[PDB]
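See below for the structure under consideration.
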Amino acid sequence: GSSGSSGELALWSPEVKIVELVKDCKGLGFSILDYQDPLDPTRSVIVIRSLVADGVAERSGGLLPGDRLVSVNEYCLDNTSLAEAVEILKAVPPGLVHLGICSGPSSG
């Protein structure tokens with residue numbers, strides 16, 4: 001059982017956190033983008049672009065800019081294309097929003 005040294009994805013945590021976000025008419029208050037692993041270029045992940053000023057994201061106090069988003073309202077956003085990710089957040093119904101997050105390189 002020789003674990004990998006200076007390799008295993010550390011940028012994020014192996015434990016995702018479900019943040020309860022209350023969507024509104026306009027929708028959410030955050031953004032997302034497509035990322036590419038520095039070791040695996042053939043692999044992409046969705047990150048938290050940024051939290052709109054006083055946006056649902058910030059309000060709740062669970063999301064942060066730089067964290068890797070797992071899913072939104074039970075939606076596998078793994079290796080998903082930005083376009084797809086955005087559409088998923090737009091197609092998602094209003095109200096409570098159960099989305100996971102992977103603590104990443106935060107400057108806070």
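In the structure tokens, each chain is lettered A, B, ... as it comes, each chain's residues begin at 1, and ligands are numbered from 1 in order of appearance.
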Original post:
Which neighbours of stretch 16-28 of chain A fall inside 8 Å, counting only C-alpha atoms, when residues of the same chain fewer than 2 positions from it are skipped, and could you give them as a VMD selection string?
Top reply: chain A and resid 13 to 14 30 55 to 57 60 62 to 63 70 89 to 90 93 to 103
**OP:** as an MDAnalysis selection string, please: all residues of chain A that backbone DSSP puts in strand (DSSP E).
**Re:** chainID A and resid 17:23 30:36 44:51 68:72 95:102
Could you dump the residues just selected with N, CA and C atoms as a short mmCIF file (atom, residue, chain, number, x, y, z; two decimals), in the first residue's frame?
data_model
loop_
_atom_site.label_atom_id
_atom_site.label_comp_id
_atom_site.auth_asym_id
_atom_site.auth_seq_id
_atom_site.Cartn_x
_atom_site.Cartn_y
_atom_site.Cartn_z
N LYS A 17 -18.94 18.58 -0.01
CA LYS A 17 -19.87 19.17 0.94
C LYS A 17 -21.12 19.68 0.23
N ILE A 18 -22.28 19.27 0.72
CA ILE A 18 -23.55 19.68 0.13
C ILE A 18 -24.02 21.01 0.71
N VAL A 19 -24.05 22.04 -0.13
CA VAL A 19 -24.48 23.36 0.30
C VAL A 19 -25.93 23.63 -0.12
N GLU A 20 -26.74 24.04 0.85
CA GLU A 20 -28.15 24.33 0.59
C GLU A 20 -28.32 25.75 0.05
N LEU A 21 -28.56 25.85 -1.25
CA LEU A 21 -28.74 27.15 -1.89
C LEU A 21 -30.19 27.35 -2.33
N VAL A 22 -30.78 28.47 -1.93
CA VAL A 22 -32.16 28.78 -2.27
C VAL A 22 -32.23 29.59 -3.56
N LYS A 23 -32.58 28.92 -4.66
CA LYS A 23 -32.69 29.58 -5.95
C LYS A 23 -33.85 30.57 -5.97
N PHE A 30 -24.16 32.75 -8.62
CA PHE A 30 -22.77 32.40 -8.86
C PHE A 30 -22.55 31.97 -10.31
N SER A 31 -21.30 31.74 -10.67
CA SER A 31 -20.96 31.33 -12.02
C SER A 31 -20.08 30.07 -12.01
N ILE A 32 -19.81 29.53 -13.19
CA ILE A 32 -18.99 28.33 -13.31
C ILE A 32 -18.17 28.36 -14.60
N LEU A 33 -17.08 27.61 -14.61
CA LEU A 33 -16.21 27.54 -15.78
C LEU A 33 -15.62 26.14 -15.94
N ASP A 34 -14.96 25.90 -17.07
CA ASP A 34 -14.35 24.61 -17.34
C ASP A 34 -12.87 24.62 -16.97
N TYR A 35 -12.44 23.59 -16.24
CA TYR A 35 -11.05 23.49 -15.81
C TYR A 35 -10.41 22.21 -16.36
N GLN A 36 -9.09 22.20 -16.41
CA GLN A 36 -8.35 21.04 -16.91
C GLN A 36 -7.22 20.66 -15.96
N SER A 44 -11.57 17.16 -17.56
CA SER A 44 -11.99 18.51 -17.22
C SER A 44 -12.96 18.50 -16.04
N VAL A 45 -13.02 19.62 -15.33
CA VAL A 45 -13.91 19.74 -14.18
C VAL A 45 -14.48 21.15 -14.07
N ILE A 46 -15.66 21.26 -13.47
CA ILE A 46 -16.32 22.55 -13.30
C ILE A 46 -15.93 23.19 -11.97
N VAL A 47 -15.54 24.46 -12.02
CA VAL A 47 -15.15 25.19 -10.82
C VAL A 47 -16.07 26.37 -10.57
N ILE A 48 -15.99 26.94 -9.38
CA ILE A 48 -16.82 28.08 -9.01
C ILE A 48 -16.21 29.39 -9.51
N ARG A 49 -16.60 29.80 -10.71
CA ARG A 49 -16.09 31.03 -11.31
C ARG A 49 -16.00 32.14 -10.26
N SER A 50 -17.16 32.54 -9.73
CA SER A 50 -17.21 33.59 -8.73
C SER A 50 -18.62 33.72 -8.16
N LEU A 51 -18.72 34.30 -6.97
CA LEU A 51 -20.01 34.49 -6.31
C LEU A 51 -20.49 35.92 -6.46
N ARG A 68 -14.17 23.20 -6.67
CA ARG A 68 -14.67 22.34 -7.75
C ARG A 68 -16.08 21.85 -7.45
N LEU A 69 -17.01 22.18 -8.33
CA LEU A 69 -18.41 21.78 -8.16
C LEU A 69 -18.60 20.32 -8.57
N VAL A 70 -19.24 19.54 -7.70
CA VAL A 70 -19.50 18.14 -7.98
C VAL A 70 -20.77 17.96 -8.81
N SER A 71 -21.90 18.39 -8.24
CA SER A 71 -23.18 18.27 -8.92
C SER A 71 -24.15 19.34 -8.42
N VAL A 72 -25.24 19.54 -9.17
CA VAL A 72 -26.24 20.53 -8.80
C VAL A 72 -27.64 19.92 -8.84
N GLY A 95 -36.03 27.10 -5.75
CA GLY A 95 -36.14 26.57 -4.40
C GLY A 95 -34.83 26.00 -3.89
N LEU A 96 -34.92 25.15 -2.88
CA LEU A 96 -33.73 24.53 -2.30
C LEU A 96 -32.84 23.92 -3.38
N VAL A 97 -31.55 24.19 -3.30
CA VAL A 97 -30.59 23.67 -4.27
C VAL A 97 -29.49 22.87 -3.59
N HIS A 98 -29.57 21.55 -3.70
CA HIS A 98 -28.58 20.67 -3.09
C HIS A 98 -27.42 20.40 -4.05
N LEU A 99 -26.34 21.16 -3.90
CA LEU A 99 -25.17 21.01 -4.75
C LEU A 99 -23.91 20.80 -3.92
N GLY A 100 -23.07 19.87 -4.36
CA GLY A 100 -21.84 19.59 -3.64
C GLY A 100 -20.69 20.48 -4.08
N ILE A 101 -19.69 20.61 -3.22
CA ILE A 101 -18.53 21.44 -3.53
C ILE A 101 -17.25 20.82 -2.98
N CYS A 102 -16.15 21.01 -3.71
CA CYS A 102 -14.86 20.47 -3.29
C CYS A 102 -13.89 21.59 -2.94
#
**OP:** List every residue of chain A that DSSP, applied to the backbone of this structure, places in alpha helix (DSSP H), and write the result as number ranges by chain.
**Re:** A: 56-60, 82-91
For the residues in that selection, give me C-alpha atoms as a PDB file, in the first residue's frame.
ATOM      1  CA  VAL A  56     -27.549  33.078  -3.371  1.00  0.00           C
ATOM      2  CA  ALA A  57     -24.089  31.511  -3.189  1.00  0.00           C
ATOM      3  CA  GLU A  58     -22.593  34.139  -0.882  1.00  0.00           C
ATOM      4  CA  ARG A  59     -25.812  34.528   1.106  1.00  0.00           C
ATOM      5  CA  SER A  60     -25.807  30.864   2.130  1.00  0.00           C
ATOM      6  CA  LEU A  82     -19.111  24.435 -19.627  1.00  0.00           C
ATOM      7  CA  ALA A  83     -22.052  24.766 -22.015  1.00  0.00           C
ATOM      8  CA  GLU A  84     -23.647  21.679 -20.466  1.00  0.00           C
ATOM      9  CA  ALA A  85     -22.886  22.809 -16.916  1.00  0.00           C
ATOM     10  CA  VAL A  86     -24.482  26.210 -17.512  1.00  0.00           C
ATOM     11  CA  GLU A  87     -27.577  24.643 -19.071  1.00  0.00           C
ATOM     12  CA  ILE A  88     -27.878  22.338 -16.061  1.00  0.00           C
ATOM     13  CA  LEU A  89     -27.883  25.256 -13.621  1.00  0.00           C
ATOM     14  CA  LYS A  90     -30.439  27.026 -15.813  1.00  0.00           C
ATOM     15  CA  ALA A  91     -32.691  23.992 -16.247  1.00  0.00           C
TER      16      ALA A  91
END
Original post:
Expressed in Å to a single decimal, how great is the separation between atom CA of residue A:39 and atom CA of residue A:10?
Top reply: 11.9 Å
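The environment of residue A:104 within 6 Å, counting only C-alpha atoms and disregarding residues fewer than 6 places along the same chain, consists of residues 11, 12, 66 and 67 of chain A.
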Subject >> Atomic separation - atom CA of residue A:78 relative to atom CA of residue A:41, Å >> reply: 14.3 Å
